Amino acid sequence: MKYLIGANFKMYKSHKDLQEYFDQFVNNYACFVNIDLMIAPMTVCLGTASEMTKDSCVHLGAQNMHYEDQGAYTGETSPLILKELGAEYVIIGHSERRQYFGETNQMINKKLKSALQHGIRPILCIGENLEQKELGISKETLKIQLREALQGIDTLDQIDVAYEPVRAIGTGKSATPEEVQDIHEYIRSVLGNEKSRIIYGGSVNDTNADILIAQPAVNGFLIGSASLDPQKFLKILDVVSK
């Protein structure tokens, strides 16, 4: 098992920002033997990113994907194209897709199935909101998200999971490290598998990445905002390599 540390750029970076990111990053990243490093740029920029990860230890990830190979899905992205560009990961069911764009557990289930059919390693995002935590149904919320997402899939070891707690308020610490460990243990139990990476996609930055990755159930990170500054993201990768 290698750590999986992904950069989720979300809808950020012009083409010049992306070029300057890859220059700063690929001239300074050490390609640590024990880290799977994934960068997921904006989908419209995956072609350009593709030409920068093709000669790199970086793995191209996509932020979303349709479940069909082709068809009448205006504005959607086909897995066939992600395969063409060398995308090796796909972020599936991110909380922002669930909140804003009609992403359901049933469609997530089709996307994970497609990603495995095409040999793309899907990263399934789950997470409870603040109210669900206060009501004490965090683990229960996650189990339902996981079971409806993973239903009918025989080999879960090919799936990674990001625990992404949903938080309308910023905290810089959407959970305590012990809480993350406990959640990740629970998820690992539901997953029934020791090969899936369970990565924390909560608030991760350079001042807590050490105590977070130290937890034995934390198999890496899915980092949003902090990954947009190349220096900060390198500092975090240094911490992970200890």
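From 1 onward, residues are counted along the sequence shown.
Between the stretches 66-74 and 202-210, it is 202-210 that shows the larger average CA temperature factor.
Stretch comparison (96-104 versus 168-176) by mean CA B-factor in the PDB entry places 168-176 on top.
Per the deposited record, the Cα B-factor of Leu4 falls in the middle third when ranked against the other modelled residues of its chain.
Placement of the Cα temperature factor of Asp154 within the chain: highest third of the modelled residues, per the deposited record. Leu18: CA B factor lies in the middle third for its chain, per the PDB record.
Among the modelled residues of its chain, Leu130 has a C-alpha B-factor that falls in the highest third, as given in the PDB entry. Per the PDB record, residue ranking by Cα B-factor puts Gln215 in the highest third of the chain.
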